[PDB]
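S.K.: what follows is a protein structure lacking sequence information:
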Ligand SMILES: Nc1nc2c(ncn2[C@@H]2O[C@H](COP(=O)(O)OP(=O)(O)O)[C@@H](O)[C@H]2O)c(=O)[nH]1
């Protein structure tokens, strides 16, 4: 699972050192850097085995609740029955193989309110208060003796979308525990280039392609307060779409520019269309 | 680079918004004056009582309060853990209007250049409103309240709050604030002046009728009936009486404060307003140029192209009542 | 925020000063263009020869050169150490006009944003003028040369030098310079435009006579015969012909570049110019509004108050000759 990751090798090692220590990482950054992909591959790195079972991924939304996450009382035909969630069940597998590393992926964690979801468990999931000693009876626990303890093997990864203007303030509960990590777009990198060079891409088109995007990313990142640095465009669109072996060229490029990036500029630039028209022309013209 | 004494400016703002002793305050700068009004203004409200607007709340509680929503209750199975999804009406002061006050005060406290006593009193009140929630204010927040359900009094302080927010700039520190140099810019000062008179004249000149009059050019063009290309022309104010009609165009110019050449470029607008405007009554047509000066007031009359035109000034910085006296004297002479 | 292509701007400046292929230069920004003219412009002079003005020099030398001043010689006793106080005429190129060129070039080299080749050539010339003395330039230096003894050619580059000096701002470094964003400001751009036409029309419209006409108001005031308070009114240009007279008022507005509401506030001046102006000949009276646009040109006619008025535009950025074609077409139609 480490053959072609466009991100520099430095950060992906930094995370692995950070992850084994803090155990609760946040990967920020614009959409289209494969936050799911890098994290999904990173999960295999920490295990070292390209095995899916230890890894699970869930997408948070505002209505995501403790009931789905951990424990709930769904009805059967006649009467209500306690139903284990994802995380609760997930840990039961991890307890079997404490030697091995089990990993939980949480996409778009910022959107939901974590507190209602984790509830009691939010204390435990931090690296320090782990093991049998910190075990607690659950909210729905009929008997106090049954307890839940976060094993050390667990490593939790969170993905947060920087792009939204709608964002105002990061949740406090998130900040106290997790180690925030910012993912640069990395549009100008060797592995992305050499991947493109291995595919039917001439260097001029590469240099043309890399040159224009950097100037665009700098422009938006430059006006930091009006628009965050995380608004700057990613690279993931250019990766996919070449599965058929199509040559990447200005003919192919112009569709992705106009189809995918153009509305993104429209949302980012809702003030001046001439300013939009200025940058769209330079990409191809 | 002379400017108006700051205390006098507050009076024209009052007429602009259409709703006192300021000798007490010793801070000449505006924000000291303006805060004292707001800080005292809130206190006037609290004595009578602040606005309490019933906010309906739909939340999950362990019992019946108000009206139960059967659907969300069964779908969430809240009966099982002894809870209901119920709608009820908590009574708060947390409305948009009142939230603006506290959030506005935060900036007021944060302002770097301010009287300490004023900041002391404001910080007290900031604490005295615990329930209300702080906000990061925008004009859209003020925009939503243009409906104006609130009392006549509330709209006054909010109008004050609008002036502060728009005229607030961060200063030496990232958090702290520094007040805008409002007087130095002519356009807003002029736009104040143009609006000042329109609302003022309604108060005092009950004898006359005061209207802003839209005009259509006398032109016809074979190209377009629209005449969109032509400038939009809307009088600053028109003050019509049965015996005589009269138009005023007033603007603030920096050159005029120097007592030399004279800046009357706005006059060029005036004749064309007189021309396209045609009275059915045919009583009379008159025009006035009025400007603000500091030292003295001088009044002239003109008979140019069959039109009766006046140039006049007022010595702002003299005294507000004598200033009020002067204006009534001014309009009376020319109107006659 | 669209602006004119920079190459076209140079042409109007030329007419403004009243005295070519720029395809060669690849630097679109103005200072690249402007320097290439100056750097090449000096070279044109040197081929014919630069101005040499006899500066009389009174100095102490060991012998007779020119005219001896007997008094300073005896009073200083310079005869004893074999010297005389003598007046003679060294021939230099060190005049104010030529000194300005070298001093101007220093700023040109110091400019941070500039073509390297241009800077290379300029640094060569800077060395090639050793005798001439560097200076710290002021407008008063240019002021002293308004007498204009120099040739018609010298006045061109100096006019260029004036533009650079006034439009020079220090940039990133204390020493280095950075060019002014001339196009963005409307007032100077408009003042260019107003002056551009006046000198232009004299060239091409030899058929008509071109004059700026001062006017006196038709008003009389019992207060003052002077009417100093009234605005000074001087036409931008008047282009009189025996069959018809015609006044033009042209200004640069930012709003008009957007193709909506239209900014024609200057029009208010126009009618009053028509009114106070009275022709003895009584051939006709006409007015024109002309503005610069980027994309396209649109022409309209109006018959408002017994006056014949046109609104028209030019698509600057098209091409200078076709632009030159368009203007001659424009004035011809309306003039007729
Ligand atoms: N090979 C490779 N694929 C990438 C890289 N970055 C993104 N991708 C791919 O881009 C596609 C979209 O990724 P993702 O961000 O998860 O989609 P999203 O849900 O819209 O954010 C997936 O195929 C990613 O694996 C990369 O650096 N290398």
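M.R.: Structure's in. What do you need? Numbering: from 1, shown residues only, chains lettered A, B, ... in the order given.

S.K.: hey, let's count contacts and neighbours off CA atoms from now on
M.R.: Fine.

S.K.: skipping adjacent residues, who's closest to the residue of chain A found nearest the ligand in space?
M.R.: Using Cα to the nearest ligand atom, the closest approach of chain A to the ligand is made by residue A:34 at 3.3 Å. Nearest-residue entry for residue A:34: residue A:236, 6.3 Å, with adjacent residues in sequence omitted and distances by Cα to Cα, 6 or more residues apart in numbering or on different chains.

S.K.: what's the answer for residue B:264, then?
M.R.: Distances taken as Cα to Cα, 6+ apart place residue C:231 nearest to residue B:264, at 5.3 Å, with adjacent residues excluded.

S.K.: show me the strands in the stretch 151-285 of chain A, by range?
M.R.: Defined through DSSP state E, counting those that start in this stretch, the strands belonging to the stretch 151-285 of chain A, from first to last, are A:155-159, A:179-181.

S.K.: what strands flank the shortest one, and is each parallel or antiparallel?
M.R.: Under the criterion DSSP bridges, strand A:179-181 sits next to strand A:24-27 (parallel) in its sheet.

S.K.: next: the longest one.
M.R.: Strand pairing for strand A:155-159, determined by DSSP bridges: strand A:24-27 (parallel), strand A:103-107 (parallel).

S.K.: what's it in contact with?
M.R.: Residues from elsewhere that reach strand A:155-159 (Cα atoms under 8 Å, 6 or more residues apart in numbering or on different chains): A:19-20, A:23-28, A:35-36, A:39, A:101-109.

S.K.: residue most distant from the centroid, chain A?
M.R.: Among the C-alpha atoms of chain A, the one farthest from their average position, using Cα atoms, centre = their mean, is that of residue A:78, at 40.7 Å.

S.K.: mean neighbour count added to the strands paired with strand A:155-159, as JSON lines?
M.R.: Converted to JSON lines, those look like this (neighbours: other Cα atoms under 10 Å in any protein chain shown):
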{"stretch": "strand A:24-27", "mean neighbour count": "22"}
{"stretch": "strand A:103-107", "mean neighbour count": "21"}
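
S.K.: what's the closest of those to residue B:182?
M.R.: Distances from residue B:182 to each of these were compared by Cα to Cα, and the smallest falls on strand A:24-27, at 45.3 Å.

S.K.: how distant is the closest one from the center of its chain?
M.R.: Averaging C-alpha coordinates over strand A:24-27 and over its chain gives two centres that are 9 Å apart (Cα atoms, centre = their mean, to the nearest Å).

S.K.: so which residues on the stretch 1-150 of chain A come close to chain B?
M.R.: Counting by Cα under 8 Å from any Cα of the partner chain, the stretch 1-150 of chain A comes close to chain B at no residue.

S.K.: for the stretch 1-150 of chain A, which residue gets nearest to chain C?
M.R.: The nearest approach of the stretch 1-150 of chain A to chain C comes at residue A:30, 28.4 Å away (Cα to the nearest Cα).

S.K.: same thing with the stretch 101-250 of chain A?
M.R.: Of all residues in the stretch 101-250 of chain A, residue A:219 sits closest to chain C, with a separation of 16.5 Å (Cα to the nearest Cα).

S.K.: around that residue, count how many other residues there are.
M.R.: Residues within reach of residue A:219, counting by other Cα atoms under 10 Å in any protein chain shown, total 15.

S.K.: and residue B:323, helix, strand or coil?
M.R.: In the three-state summary, residue B:323 is assigned as helix, counting by DSSP: H, G, I helix; E, B strand; the rest coil.

S.K.: that one contacts residue B:313, doesn't it?
M.R.: No: proximity of residue B:323 to residue B:313 does not meet the contact threshold set by Cα atoms under 8 Å, at 10.9 Å.

S.K.: please, where are all the helices along the chain?
M.R.: All of this is about chain A. Assigned by DSSP state H, the helices in chain A fall at A:9-22, A:35-47, A:66-69, A:87-96, A:114-118, A:172-177, A:190-198, A:203-222, A:236-239, A:250-256, A:262-268, A:273-284.

S.K.: oops, wrong one, chain B.
M.R.: Along chain B, the segments classed as helices by DSSP H run B:6-17, B:30-48, B:70-76, B:96-110, B:116-128, B:139-144, B:152-166, B:186-204, B:267-276, B:320-335.

S.K.: and the contacts of the third one?
M.R.: Where contact means Cα under 8 Å, 6+ apart, the residues beyond helix B:70-76 that reach it are B:79, B:83-85.

S.K.: contact partners of stretch B:219-227?
M.R.: Contacts of stretch B:219-227 from elsewhere in the structure, counted by Cα under 8 Å, 6+ apart, are C:300-305.

S.K.: only the buried residues of it, if you could.
M.R.: In terms of neighbour count (16 or more other Cα atoms under 10 Å in any protein chain shown), stretch B:219-227 has its buried residues at residue B:219.

S.K.: check stretch B:39-53 too.
M.R.: Along stretch B:39-53, these residues count as buried under the neighbour rule (16+ other Cα under 10 Å): B:39, B:41-42, B:51.

S.K.: need the residues of chain B near chain C, please.
M.R.: Taking Cα under 8 Å from any Cα, the part of chain B that reaches chain C is made up of B:217-223, B:228-231, B:260-265, B:268-269, B:271-272, B:300-305.

S.K.: same thing with the stretch 151-285 of chain A?
M.R.: Looking at chain C, the residues of the stretch 151-285 of chain A close enough under Cα under 8 Å from any Cα are residue A:274.

S.K.: hang on, the earlier thing: okay, and which of the residues of chain B next to chain C map to strands?
M.R.: Among these, the subset assigned to strands under DSSP state E consists of B:300-303.

S.K.: and these as CSV, adding distance to residue B:55 and neighbour count?
M.R.: Shown next, in CSV, are these (distance: Cα to Cα, whole Å; neighbours: other Cα atoms under 10 Å in any protein chain shown):
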residue, distance to residue B:55, neighbour count
B:300, 60, 16
B:301, 60, 19
B:302, 62, 20
B:303, 63, 15
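
S.K.: now, which of those residues sits nearest chain C?
M.R.: Taking Cα to the nearest Cα as the measure, residue B:302 is the one of these closest to chain C, at 5.3 Å.

S.K.: skipping adjacent residues, who's closest to the closest one in space?
M.R.: Distances taken as Cα to Cα, 6+ apart put residue B:309 closest to residue B:302, at 4.8 Å, once the chain neighbours are dropped.

S.K.: show me the beta-bridge partners of that neighbour.
M.R.: residue B:287, residue B:302.

S.K.: ok, now which ones touch it?
M.R.: Residue B:309 is in contact with B:286-289, B:301-303, counting by Cα under 8 Å, 6+ apart.

S.K.: residue contacts, the residue nearest to residue A:34?
M.R.: When contacts are taken as Cα under 8 Å, 6+ apart, residue A:236 is in contact with A:32-34.

S.K.: would you show me how to pick out the buried ones of the residues you listed in PyMOL?
M.R.: Command for PyMOL, covering only those of these found buried under the criterion 16+ other Cα under 10 Å:
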select buried, chain A and resi 32+33+34
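
S.K.: can you pull the residues of the stretch 1-150 of chain A lying near the ligand?
M.R.: Listed as neighbours of the ligand in the stretch 1-150 of chain A under the rule Cα under 6 Å from any ligand atom: A:4-6, A:31-37.

S.K.: which members of these are the farthest-apart pair?
M.R.: In terms of Cα to Cα, those reach their longest pairwise distance at A:4 and A:31, which sit 18.8 Å apart.

S.K.: okay, the two: which has more neighbours?
M.R.: Taking other Cα under 10 Å, residue A:4 and residue A:31 do not tie; residue A:31 has more neighbours (22 against 10).

S.K.: what residues of stretch B:291-298 count as buried?
M.R.: Using 16+ other Cα under 10 Å as the test for burial, stretch B:291-298 gives B:291-294.

S.K.: gap between the two ends of it?
M.R.: 10 Å (Cα to Cα, to the nearest Å).

S.K.: so how far is it off the chain centroid?
M.R.: Between the mean C-alpha position of stretch B:291-298 and that of its chain there is a distance of 24 Å (Cα atoms, centre = their mean).

S.K.: contact partners of that stretch?
M.R.: Around stretch B:291-298, the neighbours that count as contacts under Cα under 8 Å, 6+ apart are B:4, B:250-252, B:256-257, B:311-318.
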